[PDB]
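In what follows, a single structure is set out as structure tokens and then discussed.
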Amino acid sequence: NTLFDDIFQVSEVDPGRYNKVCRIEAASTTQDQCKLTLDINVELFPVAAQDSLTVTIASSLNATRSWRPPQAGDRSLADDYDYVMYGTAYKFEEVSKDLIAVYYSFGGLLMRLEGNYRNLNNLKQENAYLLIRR
Amino acid sequence: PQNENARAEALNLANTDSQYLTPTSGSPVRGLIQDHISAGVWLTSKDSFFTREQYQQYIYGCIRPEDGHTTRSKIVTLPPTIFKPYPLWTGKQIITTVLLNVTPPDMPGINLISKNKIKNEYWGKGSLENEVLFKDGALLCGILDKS
Amino acid sequence: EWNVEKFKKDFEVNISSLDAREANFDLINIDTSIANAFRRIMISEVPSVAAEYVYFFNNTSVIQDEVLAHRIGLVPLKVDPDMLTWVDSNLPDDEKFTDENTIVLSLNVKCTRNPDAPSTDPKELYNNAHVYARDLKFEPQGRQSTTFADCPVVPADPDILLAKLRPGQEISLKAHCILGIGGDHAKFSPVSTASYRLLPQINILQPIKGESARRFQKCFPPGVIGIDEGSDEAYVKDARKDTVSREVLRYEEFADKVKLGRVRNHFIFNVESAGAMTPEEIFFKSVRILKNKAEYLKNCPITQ
Amino acid sequence: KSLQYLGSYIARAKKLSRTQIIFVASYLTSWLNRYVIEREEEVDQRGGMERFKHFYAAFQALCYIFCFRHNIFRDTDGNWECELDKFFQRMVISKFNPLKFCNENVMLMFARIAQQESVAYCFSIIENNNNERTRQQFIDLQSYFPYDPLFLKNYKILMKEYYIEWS
Amino acid sequence: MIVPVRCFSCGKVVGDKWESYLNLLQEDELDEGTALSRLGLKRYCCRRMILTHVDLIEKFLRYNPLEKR
Amino acid sequence: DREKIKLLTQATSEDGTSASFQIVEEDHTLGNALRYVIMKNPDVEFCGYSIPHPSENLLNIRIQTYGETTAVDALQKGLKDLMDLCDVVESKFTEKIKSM
Ligand SMILES: [Zn+2]
């Protein structure tokens with residue numbers, strides 16, 4: 001099931017003098033304080049300044065043992081979506097009241113999620129799939 | 001040793017397991033310090049991204065379970081990071097699963113917080129990877145180096 | 001799903017410039033995994049034939065008989081394999097060197113003084129002065145004499161400076177010949193060099209028409225960059241006519257206007273030999289025993 | 001070896017109290033009951049199969065009596081000696097596979113007499129053996145049988161007395 | 001001293017070019033480079049084997065005990 | 001000649017899902033060629049090669065697989081296709097060498 005669902009706005013792009021990784025800032029289009037931090041992988045998903053993301057953090061895909069390689073005619077909830085990430089949550093923090101920011105990574109791949117409405121469905125997780133549009 | 005009772009002690013007291021931490025200060029002198037560690041920079045950073053065939057070969061050249069390094073029945077790996085018509089992997093993921101496929105079960109992973117000598121101003125701006133962190137024993141942030 | 005006819009129409013073959021010396025070789029649609037199993041079985045696990053056992057008799061020269069001994073075995077022998085079978089290794093030499101094993105070779109030069117009028121040149125001064133490869137000769141022992149009637153087993157290049165002499169000295173030796181793979185010695189490499197090169201994939205991003213068109217072509221090799229007019233955007237016209245030297249990256253303005261990569265599925269080869277083997281010959285020696293590498297493995301009874 | 005000194009000490013001779021051979025060595029057939037009651041709860045623990053040199057040999061040595069004296073292995077009534085339809089039947093698919101680690105010569109004489117006399121059934125298992133199938137020189141002690149057939153021509157004067165041919 | 005048969009790493013027998021090289025610098029009035037490069041030399045680990053070779057048999061073929069002086 | 005295939009049972013399971021295969025005296029000419037076709041078998045979840053010591057020629061490979069496919073049966077279809085991976089550089093290739 002989905003645990004997080006909104007549409008974001010790329011603020012600015014910088015390389016970091018890496019090769020396939022550029023850091024992306026991401027404010028929102030529906031709440032003027034959610035500021036996602038994005039270390040995008042540039043080659044599977046070309047980003048640019050002021051694109052139209054849709055950053056959704058679900059957890060599972062409707063025992064489920066491990067990663068079978070994707071076979072023919074399967075049912076993934078992430079079938080429609082392309083740049084799909086996987087990681088854990090490791091550190092929460094606190095900002096101004098009624099805002100709960102997290103730290104969040106994907107194999108050395110930093111996030112930062114200021115916001116409010118993730119204090120009733122989200123927590124320090126282990127298995128979350130990032131179902132990005134575009 | 002031209003007896004057997006010195007095979008008892010030199011296998012169990014002059015062994016390299018028991019001389020890691022030297023008793024002079026507490027500064028250890030043991031480890032790969034010349035080539036496998038300036039190649040640690042170009043392995044686990046995000047400019048070193050790996051496919052399934054790279055992630056698969058880069059552990060079986062390490063474990064070698066025929067000598068005996070598995071503990072549950074066999075070897076296992078993790079799910080891939082990126083889900084896509086090619087699943088990519090990460091050099092952060094590399095150091096994890098070799099640090100996972102040898103430790104026996106009924107044993108939690110280890111948790112480090114430490115530093116490096118890289119000082120993130122050389123990774124550009126604002127990206128914090130001087131700092132290491134092992135959530136369940138996995139290089140979950142930062143690039144391993146000399147320290 | 002894997003399918004072999006989903007590789008048949010994939011795997012594409014072109015032949016660029018074949019001689020009996022060199023074969024430019026567009027073997028396309030294959031992986032760098034298989035760019036060693038057809039590169040290494042060209043170079044060292046392919047049956048080559050060279051002399052090994054040097055039965056000396058006398059070595060009178062100032063050239064000492066260690067270093068000359070592994071040069072008469074080192075010489076490229078213009079001889080065709082599959083005329084000579086394998087050789088047993090550890091029996092005594094009676095049933096080890098039959099006629100089936102050994103190309104019995106011999107060398108014998110006894111130089112002398114020649115009186116002559118005079119920087120007086122030595123071939124102008126002595127008989128038999130500079131023994132070459134064409135003094136090495138063939139004589140069979142055993143049950144073949146007709147299999148080399150069509151071709152005497154000549155040393156492949158007769159001009160090899162084996163030794164230079166002075167009158168009084170002489171030389172008479174008798175080396176023995178054998179098969180061997182290049183994993184043992186470099187004399188058993190029937191190819192000089194079988195190294196590869198990918199197809200370079202140059203990239204443009206902008207039209208270079210105008211004054212960069214006379215600057216995108218000076219530093220590059222001239223037969224790569226097809227400038228067309230002042231208009232009709234200048235397509236780089238010949239891809240493999242170029243090494244990956246990327247001297248354009250030393251410039252400070254073609255750093256983003258053009259990129260360069262490699263097509264990882266498009267290979268050119270360069271296979272050349274010392275004369276003993278030809279590139280038109282050895283492809284069915286790197287394949288046809290790698291073909292016989294695999295089928296031996298499958299039909300073997302599993303142990304323990 | 002010491003219970004391999006019971007293999008051809010029973011088979012290749014003639015003067016034996018054969019009513020005592022089952023009787024005195026009943027403890028070894030009572031070993032085969034003791035080995036299956038108390039000693040089949042230990043295999044999935046630390047260790048392999050080769051703890052039990054006593055099992056591939058003394059069971060083999062009693063089956064070394066098998067292929068040589070089949071007219072002793074029948075009574076007058078018509079049954080089997082000590083109910084051979086269950087005793088050598090219970091030891092097939094256990095945690096040791098006593099038809100996996102065997103000998104060549106005598107342990108492949110197990111193919112004629114097991115079918116024509118209706119003793120056992122192992123013909124669909126021989127193909128299944130060589131897929132799953134110190135210690136490298138452990139075969140050196142488990143290949144030699146002590147009282148082998150006699151080769152000389154002038155000591156056979158003494159020992160053709162109590163030595164019979166193949167039947 | 002003596003020309004190495006089948007050069008160090010290349011695999012080509014560069015000895016037939018040596019006396020052919022010595023015929024170039026003697027009377028043919030050629031350079032050092034494209035004289036050497038007009039011989040079938042595709043690589044550059046071949047190129048030293050005649051550009052460098054010292055030919056020092058001369059100080060071993062002038063001490064001959066098998067003839068007077 | 002039973003020095004080639006050697007089921008090294010000290011890293012196996014009971015019904016033999018995975019097995020560290022021991023074969024002698026080869027080099028990358030199999031491991032960097034059979035691994036390229038072992039992954040083409042769709043019931044393969046792990047494989048890779050290894051060197052017991054880099055100086056002497058010896059290899060050891062291991063495959064992994066899902067159900068209804070054993071260890072040695074996934075070596076079958078791997079090496080049935082090296083029989084065809086060089087066949088294509090003969091069957092189609094005999095054309096191109098014919099008419100250069
Ligand atoms: Zn060269």
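Identifiers in the structure tokens: chain A, B, ... in order shown; residue index from 1 per chain; ligand index from 1 in order shown.
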
Long-range neighbours of residue 40 of chain E as a list in words, 10 Å cut-off, only C-alpha atoms, 3 positions minimum in chain = residues 12, 14, 17, 36, 37 and 43 of chain E

ask   = Any idea what's packed within 12 Å of segment 62-70 of chain C, counting only C-alpha atoms, ignoring anything in its chain fewer than 2 positions away? Could you give it as a PyMOL selection string?
value = (chain C and resi 50-60+72-75+107+161-176+185-187) or (chain E and resi 1-6+56-66)

Please, could you write that set of residues out with C-alpha atoms as a PDB file, in the first residue's frame?
ATOM      1  CA  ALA C  50      58.662 -25.284 -32.705  1.00  0.00           C
ATOM      2  CA  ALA C  51      61.949 -26.961 -31.929  1.00  0.00           C
ATOM      3  CA  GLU C  52      62.694 -27.664 -28.286  1.00  0.00           C
ATOM      4  CA  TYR C  53      65.429 -30.265 -27.690  1.00  0.00           C
ATOM      5  CA  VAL C  54      68.784 -29.113 -29.062  1.00  0.00           C
ATOM      6  CA  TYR C  55      71.264 -31.974 -29.315  1.00  0.00           C
ATOM      7  CA  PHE C  56      74.501 -30.055 -29.628  1.00  0.00           C
ATOM      8  CA  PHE C  57      77.762 -31.559 -30.756  1.00  0.00           C
ATOM      9  CA  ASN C  58      80.191 -28.653 -30.801  1.00  0.00           C
ATOM     10  CA  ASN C  59      79.911 -24.921 -30.237  1.00  0.00           C
ATOM     11  CA  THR C  60      83.250 -23.419 -31.060  1.00  0.00           C
ATOM     12  CA  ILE C  72      67.389 -22.410 -32.863  1.00  0.00           C
ATOM     13  CA  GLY C  73      64.296 -23.609 -31.057  1.00  0.00           C
ATOM     14  CA  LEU C  74      62.853 -20.114 -30.974  1.00  0.00           C
ATOM     15  CA  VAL C  75      62.801 -19.645 -34.781  1.00  0.00           C
ATOM     16  CA  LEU C 107      72.634 -27.143 -38.766  1.00  0.00           C
ATOM     17  CA  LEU C 161      71.266 -13.565 -37.727  1.00  0.00           C
ATOM     18  CA  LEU C 162      71.913 -16.776 -35.806  1.00  0.00           C
ATOM     19  CA  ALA C 163      75.666 -16.341 -35.443  1.00  0.00           C
ATOM     20  CA  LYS C 164      78.597 -14.438 -36.892  1.00  0.00           C
ATOM     21  CA  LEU C 165      81.921 -16.262 -37.038  1.00  0.00           C
ATOM     22  CA  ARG C 166      85.673 -15.844 -37.511  1.00  0.00           C
ATOM     23  CA  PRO C 167      87.933 -18.360 -39.292  1.00  0.00           C
ATOM     24  CA  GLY C 168      88.920 -21.352 -37.226  1.00  0.00           C
ATOM     25  CA  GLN C 169      85.600 -21.641 -35.426  1.00  0.00           C
ATOM     26  CA  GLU C 170      82.764 -23.821 -36.649  1.00  0.00           C
ATOM     27  CA  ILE C 171      79.331 -25.044 -35.617  1.00  0.00           C
ATOM     28  CA  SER C 172      77.422 -28.299 -36.091  1.00  0.00           C
ATOM     29  CA  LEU C 173      74.234 -29.049 -34.204  1.00  0.00           C
ATOM     30  CA  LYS C 174      71.060 -31.076 -34.426  1.00  0.00           C
ATOM     31  CA  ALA C 175      67.889 -29.738 -32.816  1.00  0.00           C
ATOM     32  CA  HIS C 176      64.617 -31.622 -32.384  1.00  0.00           C
ATOM     33  CA  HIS C 185      56.554 -20.921 -24.078  1.00  0.00           C
ATOM     34  CA  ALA C 186      56.212 -17.788 -26.148  1.00  0.00           C
ATOM     35  CA  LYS C 187      57.815 -19.698 -29.009  1.00  0.00           C
TER      36      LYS C 187
ATOM     37  CA  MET E   1      75.202  -8.091 -29.492  1.00  0.00           C
ATOM     38  CA  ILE E   2      73.100 -10.480 -31.508  1.00  0.00           C
ATOM     39  CA  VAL E   3      69.646  -9.458 -32.691  1.00  0.00           C
ATOM     40  CA  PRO E   4      66.904 -10.865 -30.448  1.00  0.00           C
ATOM     41  CA  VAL E   5      64.769 -13.292 -32.394  1.00  0.00           C
ATOM     42  CA  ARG E   6      61.011 -12.599 -32.042  1.00  0.00           C
ATOM     43  CA  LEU E  56      78.581  -5.931 -29.837  1.00  0.00           C
ATOM     44  CA  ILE E  57      79.697  -9.263 -31.339  1.00  0.00           C
ATOM     45  CA  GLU E  58      82.451  -7.089 -32.785  1.00  0.00           C
ATOM     46  CA  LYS E  59      84.251  -6.905 -29.472  1.00  0.00           C
ATOM     47  CA  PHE E  60      83.847 -10.664 -29.129  1.00  0.00           C
ATOM     48  CA  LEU E  61      84.761 -11.507 -32.729  1.00  0.00           C
ATOM     49  CA  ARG E  62      88.080  -9.680 -32.420  1.00  0.00           C
ATOM     50  CA  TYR E  63      89.578 -12.016 -29.804  1.00  0.00           C
ATOM     51  CA  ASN E  64      89.911 -15.308 -31.649  1.00  0.00           C
ATOM     52  CA  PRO E  65      92.154 -18.016 -30.159  1.00  0.00           C
ATOM     53  CA  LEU E  66      91.402 -20.385 -33.037  1.00  0.00           C
TER      54      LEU E  66
END

Segment 28-38 of chain F environment, 9 Å, only C-alpha atoms, sequence neighbours closer than 3 positions dropped, as a ChimeraX atom specification = /B:53 /C:31-34,36-38,40-41,290,294 /F:41-42,44,47-50,59-61,63,74-75,77-79,81-82,85

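Around ligand 1, using only C-alpha atoms and all ligand atoms and a cut-off of 12 Å, the residues in contact are residues 192, 193 and 272 of chain C; 6, 7, 8, 9, 10, 11, 12, 13, 14, 37, 40, 41, 42, 43, 44, 45, 46, 47, 48, 49, 50 and 51 of chain E.
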
Let's have the selection written as a PDB file, in the first residue's frame, with N, CA and C atoms.
ATOM      1  N   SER C 192      51.827 -13.549 -33.506  1.00  0.00           N
ATOM      2  CA  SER C 192      52.606 -12.507 -32.852  1.00  0.00           C
ATOM      3  C   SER C 192      51.749 -11.723 -31.874  1.00  0.00           C
ATOM      4  N   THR C 193      50.607 -11.222 -32.336  1.00  0.00           N
ATOM      5  CA  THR C 193      49.746 -10.360 -31.539  1.00  0.00           C
ATOM      6  C   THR C 193      48.290 -10.477 -31.973  1.00  0.00           C
ATOM      7  N   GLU C 272      48.109 -11.163 -36.611  1.00  0.00           N
ATOM      8  CA  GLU C 272      49.261 -11.278 -37.490  1.00  0.00           C
ATOM      9  C   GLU C 272      50.259 -12.257 -36.894  1.00  0.00           C
TER      10      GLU C 272
ATOM     11  N   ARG E   6      62.404 -12.721 -32.474  1.00  0.00           N
ATOM     12  CA  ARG E   6      61.011 -12.599 -32.042  1.00  0.00           C
ATOM     13  C   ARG E   6      60.861 -11.669 -30.844  1.00  0.00           C
ATOM     14  N   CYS E   7      60.869 -10.353 -31.121  1.00  0.00           N
ATOM     15  CA  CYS E   7      60.973  -9.252 -30.155  1.00  0.00           C
ATOM     16  C   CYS E   7      60.142  -9.430 -28.894  1.00  0.00           C
ATOM     17  N   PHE E   8      60.639  -8.777 -27.825  1.00  0.00           N
ATOM     18  CA  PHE E   8      60.421  -9.029 -26.397  1.00  0.00           C
ATOM     19  C   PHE E   8      58.975  -9.371 -26.084  1.00  0.00           C
ATOM     20  N   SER E   9      58.081  -8.492 -26.517  1.00  0.00           N
ATOM     21  CA  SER E   9      56.662  -8.616 -26.260  1.00  0.00           C
ATOM     22  C   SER E   9      55.822  -8.659 -27.522  1.00  0.00           C
ATOM     23  N   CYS E  10      56.376  -8.254 -28.663  1.00  0.00           N
ATOM     24  CA  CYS E  10      55.579  -8.031 -29.860  1.00  0.00           C
ATOM     25  C   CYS E  10      55.199  -9.338 -30.525  1.00  0.00           C
ATOM     26  N   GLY E  11      56.173 -10.217 -30.711  1.00  0.00           N
ATOM     27  CA  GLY E  11      55.959 -11.477 -31.387  1.00  0.00           C
ATOM     28  C   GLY E  11      56.468 -11.504 -32.806  1.00  0.00           C
ATOM     29  N   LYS E  12      56.989 -10.397 -33.314  1.00  0.00           N
ATOM     30  CA  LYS E  12      57.528 -10.352 -34.661  1.00  0.00           C
ATOM     31  C   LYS E  12      59.031 -10.579 -34.621  1.00  0.00           C
ATOM     32  N   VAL E  13      59.526 -11.330 -35.600  1.00  0.00           N
ATOM     33  CA  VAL E  13      60.937 -11.699 -35.653  1.00  0.00           C
ATOM     34  C   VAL E  13      61.651 -10.557 -36.365  1.00  0.00           C
ATOM     35  N   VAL E  14      62.118  -9.586 -35.588  1.00  0.00           N
ATOM     36  CA  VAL E  14      62.784  -8.448 -36.201  1.00  0.00           C
ATOM     37  C   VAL E  14      64.294  -8.653 -36.276  1.00  0.00           C
ATOM     38  N   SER E  37      60.940   2.774 -40.546  1.00  0.00           N
ATOM     39  CA  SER E  37      59.499   2.638 -40.670  1.00  0.00           C
ATOM     40  C   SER E  37      59.057   2.163 -42.045  1.00  0.00           C
ATOM     41  N   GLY E  40      57.713  -2.757 -42.387  1.00  0.00           N
ATOM     42  CA  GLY E  40      56.680  -3.610 -41.846  1.00  0.00           C
ATOM     43  C   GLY E  40      56.663  -3.557 -40.335  1.00  0.00           C
ATOM     44  N   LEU E  41      56.714  -2.352 -39.780  1.00  0.00           N
ATOM     45  CA  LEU E  41      56.729  -2.153 -38.336  1.00  0.00           C
ATOM     46  C   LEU E  41      55.476  -1.387 -37.934  1.00  0.00           C
ATOM     47  N   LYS E  42      54.452  -2.136 -37.528  1.00  0.00           N
ATOM     48  CA  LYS E  42      53.175  -1.534 -37.169  1.00  0.00           C
ATOM     49  C   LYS E  42      53.183  -0.933 -35.765  1.00  0.00           C
ATOM     50  N   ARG E  43      53.929  -1.516 -34.836  1.00  0.00           N
ATOM     51  CA  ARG E  43      53.871  -1.168 -33.425  1.00  0.00           C
ATOM     52  C   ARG E  43      55.076  -0.310 -33.067  1.00  0.00           C
ATOM     53  N   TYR E  44      55.205   0.041 -31.785  1.00  0.00           N
ATOM     54  CA  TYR E  44      56.393   0.773 -31.370  1.00  0.00           C
ATOM     55  C   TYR E  44      57.204   0.058 -30.309  1.00  0.00           C
ATOM     56  N   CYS E  45      56.777  -1.114 -29.862  1.00  0.00           N
ATOM     57  CA  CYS E  45      57.691  -1.920 -29.073  1.00  0.00           C
ATOM     58  C   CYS E  45      58.565  -2.788 -29.954  1.00  0.00           C
ATOM     59  N   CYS E  46      58.286  -2.832 -31.250  1.00  0.00           N
ATOM     60  CA  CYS E  46      59.278  -3.352 -32.169  1.00  0.00           C
ATOM     61  C   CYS E  46      60.392  -2.351 -32.404  1.00  0.00           C
ATOM     62  N   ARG E  47      60.058  -1.056 -32.451  1.00  0.00           N
ATOM     63  CA  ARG E  47      60.907  -0.044 -33.072  1.00  0.00           C
ATOM     64  C   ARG E  47      62.229   0.150 -32.378  1.00  0.00           C
ATOM     65  N   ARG E  48      62.318  -0.105 -31.080  1.00  0.00           N
ATOM     66  CA  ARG E  48      63.593   0.055 -30.403  1.00  0.00           C
ATOM     67  C   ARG E  48      64.598  -1.018 -30.792  1.00  0.00           C
ATOM     68  N   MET E  49      64.140  -2.255 -31.040  1.00  0.00           N
ATOM     69  CA  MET E  49      64.970  -3.443 -31.253  1.00  0.00           C
ATOM     70  C   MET E  49      65.982  -3.299 -32.372  1.00  0.00           C
ATOM     71  N   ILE E  50      65.767  -2.362 -33.286  1.00  0.00           N
ATOM     72  CA  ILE E  50      66.782  -1.976 -34.255  1.00  0.00           C
ATOM     73  C   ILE E  50      67.273  -0.556 -34.035  1.00  0.00           C
ATOM     74  N   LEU E  51      66.446   0.335 -33.491  1.00  0.00           N
ATOM     75  CA  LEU E  51      66.879   1.671 -33.104  1.00  0.00           C
ATOM     76  C   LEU E  51      67.865   1.651 -31.953  1.00  0.00           C
TER      77      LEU E  51
END

Determine, using only C-alpha atoms, which residues of chain C have any atom at most 8 Å from an atom of chain D, and tabulate each with its shortest atom pair and distance in Å to one decimal place, rows ordered by chain and then rising number, as a Markdown table.
| residue | atom | partner | partner_atom | distance |
| --- | --- | --- | --- | --- |
| C:302 | CA | D:131 | CA | 7.0 |
| C:303 | CA | D:133 | CA | 6.2 |
| C:304 | CA | D:133 | CA | 4.8 |

Would you write out those residues with N, CA and C atoms, as an mmCIF file, in the first residue's frame?
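Result went into out-v1.cif, see below:
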data_model
loop_
_atom_site.group_PDB
_atom_site.id
_atom_site.type_symbol
_atom_site.label_atom_id
_atom_site.label_comp_id
_atom_site.auth_asym_id
_atom_site.auth_seq_id
_atom_site.Cartn_x
_atom_site.Cartn_y
_atom_site.Cartn_z
ATOM 1 N N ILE C 302 30.448 -37.702 -12.859
ATOM 2 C CA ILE C 302 30.633 -36.847 -11.695
ATOM 3 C C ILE C 302 31.100 -37.700 -10.520
ATOM 4 N N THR C 303 31.982 -37.148 -9.694
ATOM 5 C CA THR C 303 32.694 -37.947 -8.707
ATOM 6 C C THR C 303 32.267 -37.599 -7.288
ATOM 7 N N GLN C 304 32.627 -38.507 -6.382
ATOM 8 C CA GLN C 304 32.546 -38.347 -4.929
ATOM 9 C C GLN C 304 31.147 -38.055 -4.406
#

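Distances from B:54, B:22, B:73, B:15 to residue 88 of chain B were compared using only C-alpha atoms, and the smallest one belongs to B:54.
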
message = Show me, as a list in words, the residues that have an atom within 9 Å of residue 119 of chain B when counting only C-alpha atoms, minus same-chain residues fewer than 4 positions from it.
response = residues 123, 128, 129 and 130 of chain B

Expected file contents, prior selection, N, CA and C atoms, as a PDB file, in the first residue's frame:
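And here's part_10.pdb as it stands now:
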ATOM      1  N   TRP B 123      34.200  16.588  -2.110  1.00  0.00           N
ATOM      2  CA  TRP B 123      33.130  16.014  -2.909  1.00  0.00           C
ATOM      3  C   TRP B 123      32.194  17.070  -3.473  1.00  0.00           C
ATOM      4  N   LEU B 128      27.195  15.099   2.367  1.00  0.00           N
ATOM      5  CA  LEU B 128      27.920  14.646   3.550  1.00  0.00           C
ATOM      6  C   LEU B 128      28.239  13.167   3.389  1.00  0.00           C
ATOM      7  N   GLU B 129      29.486  12.863   3.017  1.00  0.00           N
ATOM      8  CA  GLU B 129      29.944  11.480   2.952  1.00  0.00           C
ATOM      9  C   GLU B 129      31.323  11.305   3.583  1.00  0.00           C
ATOM     10  N   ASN B 130      31.736  12.244   4.432  1.00  0.00           N
ATOM     11  CA  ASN B 130      32.873  12.025   5.315  1.00  0.00           C
ATOM     12  C   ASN B 130      32.477  11.119   6.474  1.00  0.00           C
TER      13      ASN B 130
END

Near residue 66 of chain F, within 8 Å and counting only C-alpha atoms, which residues show up once chain neighbours fewer than 6 positions away are dropped, as a PDB file with N, CA and C atoms, in the first residue's frame?
ATOM      1  N   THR F  17      20.790 -28.108  -4.376  1.00  0.00           N
ATOM      2  CA  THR F  17      20.407 -26.913  -5.108  1.00  0.00           C
ATOM      3  C   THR F  17      21.637 -26.206  -5.650  1.00  0.00           C
ATOM      4  N   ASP F  43      16.431 -19.850 -14.744  1.00  0.00           N
ATOM      5  CA  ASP F  43      16.278 -20.373 -13.390  1.00  0.00           C
ATOM      6  C   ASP F  43      17.594 -20.283 -12.637  1.00  0.00           C
ATOM      7  N   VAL F  44      18.332 -19.199 -12.820  1.00  0.00           N
ATOM      8  CA  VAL F  44      19.612 -19.014 -12.155  1.00  0.00           C
ATOM      9  C   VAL F  44      19.513 -17.773 -11.295  1.00  0.00           C
ATOM     10  N   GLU F  45      19.799 -17.927 -10.008  1.00  0.00           N
ATOM     11  CA  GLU F  45      19.754 -16.811  -9.086  1.00  0.00           C
ATOM     12  C   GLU F  45      21.127 -16.346  -8.629  1.00  0.00           C
TER      13      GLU F  45
END

request  = Tell me which protein, DNA and RNA residues are within 8 Å of segment 180-183 of chain C, counting only C-alpha atoms, leaving out same-chain ones fewer than 6 positions away, and put them as an MDAnalysis selection string.
outcome  = chainID C and resid 43:50 189:190

Quick one: write out the picked residues with N, CA, C and O atoms as a compact mmCIF listing (two decimals), in the first residue's frame?
# COMPACT_ATOMS: atom_id res chain seq x y z
N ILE C 43 46.12 -17.00 -28.87
CA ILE C 43 47.46 -16.57 -28.52
C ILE C 43 48.26 -17.66 -27.81
O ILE C 43 49.47 -17.77 -28.03
N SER C 44 47.64 -18.49 -26.97
CA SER C 44 48.46 -19.43 -26.21
C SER C 44 47.91 -20.84 -26.08
O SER C 44 48.69 -21.74 -25.76
N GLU C 45 46.62 -21.08 -26.25
CA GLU C 45 46.07 -22.43 -26.19
C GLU C 45 45.70 -22.94 -27.57
O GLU C 45 44.67 -23.58 -27.77
N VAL C 46 46.55 -22.63 -28.54
CA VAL C 46 46.36 -23.00 -29.94
C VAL C 46 47.61 -23.75 -30.39
O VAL C 46 48.72 -23.28 -30.14
N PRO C 47 47.47 -24.92 -31.02
CA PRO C 47 48.64 -25.79 -31.26
C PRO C 47 49.67 -25.23 -32.22
O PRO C 47 49.42 -25.11 -33.42
N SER C 48 50.84 -24.89 -31.69
CA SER C 48 51.97 -24.40 -32.47
C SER C 48 53.10 -25.41 -32.42
O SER C 48 53.16 -26.28 -31.55
N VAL C 49 54.02 -25.29 -33.37
CA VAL C 49 55.10 -26.26 -33.56
C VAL C 49 56.42 -25.53 -33.62
O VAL C 49 56.62 -24.66 -34.47
N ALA C 50 57.34 -25.89 -32.72
CA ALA C 50 58.66 -25.28 -32.71
C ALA C 50 59.65 -26.29 -32.15
O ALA C 50 59.27 -27.26 -31.50
N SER C 189 53.58 -19.51 -29.47
CA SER C 189 52.48 -18.63 -29.83
C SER C 189 52.47 -18.53 -31.34
O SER C 189 53.34 -17.86 -31.90
N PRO C 190 51.53 -19.16 -32.03
CA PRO C 190 51.51 -19.09 -33.49
C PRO C 190 50.99 -17.77 -34.04
O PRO C 190 50.85 -17.63 -35.26

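Note that DSSP on the backbone gives alpha helix (DSSP H) to these residues of chain E: residues 16, 17, 18, 19, 20, 21, 22, 33, 34, 35, 36, 48, 49, 50 and 51 of chain E.
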
message = I'd like the contact shell of residue 59 of chain A - 8 Å cut-off, only C-alpha atoms, skipping same-chain residues fewer than 6 positions apart - returned as an MDAnalysis selection string.
response = chainID A and resid 1:3 127:129

request  = Check every residue of chain B for an atom within 9 Å of chain A, counting only C-alpha atoms, and provide those that qualify as JSON, numbers by chain.
outcome  = {"B": [44, 45, 46, 47, 48, 49, 78, 79, 80, 81, 82, 83, 84, 85, 89, 90, 91, 92, 93, 122, 123, 124, 125, 126, 127, 128, 129, 135, 138, 139, 140, 141, 142, 143]}

Restricting the output to C-alpha atoms, write the selected residues as a short mmCIF file (atom, residue, chain, number, x, y, z; two decimals), in the first residue's frame.
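To be explicit, this is the file written out as result25.cif:
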data_model
loop_
_atom_site.label_atom_id
_atom_site.label_comp_id
_atom_site.auth_asym_id
_atom_site.auth_seq_id
_atom_site.Cartn_x
_atom_site.Cartn_y
_atom_site.Cartn_z
CA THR B 44 32.08 2.21 -2.62
CA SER B 45 31.45 5.78 -3.84
CA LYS B 46 28.50 6.54 -6.09
CA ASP B 47 30.71 6.95 -9.14
CA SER B 48 31.10 3.14 -9.05
CA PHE B 49 27.73 1.64 -9.90
CA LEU B 78 20.16 -8.57 -0.88
CA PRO B 79 17.46 -7.19 -3.16
CA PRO B 80 18.74 -4.69 -5.73
CA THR B 81 18.75 -1.00 -5.06
CA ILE B 82 17.26 0.31 -8.31
CA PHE B 83 14.30 -1.51 -9.87
CA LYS B 84 14.33 -1.04 -13.61
CA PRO B 85 14.95 -3.16 -16.76
CA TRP B 89 23.78 -2.05 -7.50
CA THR B 90 26.00 0.15 -5.38
CA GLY B 91 29.52 -0.04 -3.98
CA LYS B 92 27.93 0.65 -0.61
CA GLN B 93 25.98 -2.56 -1.21
CA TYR B 122 36.37 17.74 -1.92
CA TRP B 123 33.13 16.01 -2.91
CA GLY B 124 31.78 19.39 -4.04
CA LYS B 125 29.20 21.11 -1.84
CA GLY B 126 26.78 20.01 0.86
CA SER B 127 26.90 16.26 0.26
CA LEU B 128 27.92 14.65 3.55
CA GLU B 129 29.94 11.48 2.95
CA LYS B 135 22.86 0.42 10.30
CA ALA B 138 26.13 -1.66 6.09
CA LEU B 139 28.05 1.34 4.75
CA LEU B 140 24.83 3.25 4.66
CA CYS B 141 26.47 6.66 4.28
CA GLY B 142 29.99 7.81 3.53
CA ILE B 143 33.07 6.55 1.70
#
